[PDB]
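Only one chain is shown below, in structure tokens, and it's the form deposited in one PDB entry.
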């Protein structure tokens, strides 16, 4: 009948009328990259490759969520607030005195199964709720709603409200952009993910650099996010998806992704990309989880993590999907504290970075170096520590 494909083209020569001439149609036209999502009969693909302006024709691969209920729970109550062990392990609580992430210019975008926007322990921090499932950007609450629970859990590890109920996130006051890129089963196509990354940049107003001053992330005049957290992965490495990542990276946005739960030699994608921070998972005894894919950039609590769950509930999950938000919450604190002090945010460094002039540089040097001294295939640079990370940033 038809298959979904992503085409990297030359804007000056690619003619959309061409695809419609071969029984295909346009699904989504990227704004930040020279590519377009289209549906064409499985038999017309060979025609696309030869059309003027068509440089590359890539298939629509899949990624999946990396978090599962620890005991098959479906969510339970938490009348009185409690601090999940992973939140203290990342030394977050002592930082709230400096900032809790409630600095207006900061927003963290979580590309996941969506979110339970009415959850009493999350609602106040949900600044934007959107979905990009099936190549279409929807701003309707019914479409952005979490239908799995994963997204609600990941978001709660980052920004669950510090009050009298349930739990509390690493940055309990930071603004959240929930971008649904995974279905009810936790499955997501790369196209919807790339489109999700774009929306995190474009923001609610749909414009990347509204005032055209070259500043996107960290610019109060714009509504772009300064952090993109992806608790998902896949074995495919597509050119267009990577192009979108470079786009978010160049915008000054720190990208964080789960390492993967196959115990593989290296991280899955997009974690595997150098501009993205690959996150491994440790347990309550500081041991690296055996399922945690090797060679990560850093590691964080990822075993038996309690957080928010759909229907104003709470649940314990496990996976590298649970460690990722811990790290994203740490960068949120760093950028928030840095901007509160100086009127700007820190640059997004690289993997090899080891200075206090970069977000990643700071994460690496202040991480709790476990296992063999220095970076290792298990813990990476070590376990992220918000308290030390913020001191080095403001230091």
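By rigid core we mean the largest C-alpha set that fits within 1.5 Å across both forms. Positions refer to the first chain, counted from 1. Residues that one form lacks are left out of the comparison.
Once the C-alpha B-factors are averaged per stretch, 156-164 and 133-141 rank with 133-141 first.
Comparing 66-74 with 354-362, the higher mean C-alpha B-factor in the PDB entry belongs to 354-362. Per-chain ranking of the deposited C-alpha B factor places residue 185 in the highest third. Split the chain's modelled residues into thirds by C-alpha temperature factor. Residue 34 is in the middle one. Ranked by C-alpha B-factor against the other modelled residues of its chain, residue 91 falls in the middle third.
Among the modelled residues of its chain, residue 150 has a C-alpha B-factor that falls in the lowest third according to the deposited record. Sort the modelled residues of the chain by CA B factor and residue 79 lands in the highest third.
Omitted here: the form deposited with a partner chain bound. The next part is about that form.
Of the heavy atoms in residue 247, some are within 4.5 Å of the partner chain in the entry with it bound. Taking the partner from the other structure, the partner chain in the entry with it bound has a heavy atom within 4.5 Å of a heavy atom of residue 150. Contact check for residue 202: a heavy atom falls within 4.5 Å of the partner chain in the entry with it bound. Proximity of residue 93 to the partner chain in the entry with it bound: non-hydrogen atoms within 4.5 Å are absent; the residue sits far from the partner.
Contact with the partner chain in the entry with it bound, judged by any heavy atom within 4.5 Å, is made by just one of 86, 280, 172, 233: 233. Of the candidates 265, 206, 79, 214, 206 is the one whose heavy atoms come within 4.5 Å of the partner chain in the entry with it bound; the others do not. At a distance of at most 4.5 angstroms from the partner chain in the entry with it bound, all three residues 134, 182 and 195 contribute at least one non-hydrogen atom. Residues of just one listed stretch (185-193, 160-168, 100-108, 117-125) have heavy atoms within 4.5 Å of the partner chain in the entry with it bound: 185-193. In sequence order, the one region between the shown form and the other one where at least three consecutive C-alphas each move 2 angstroms or more after rigid core superposition is 76-78.
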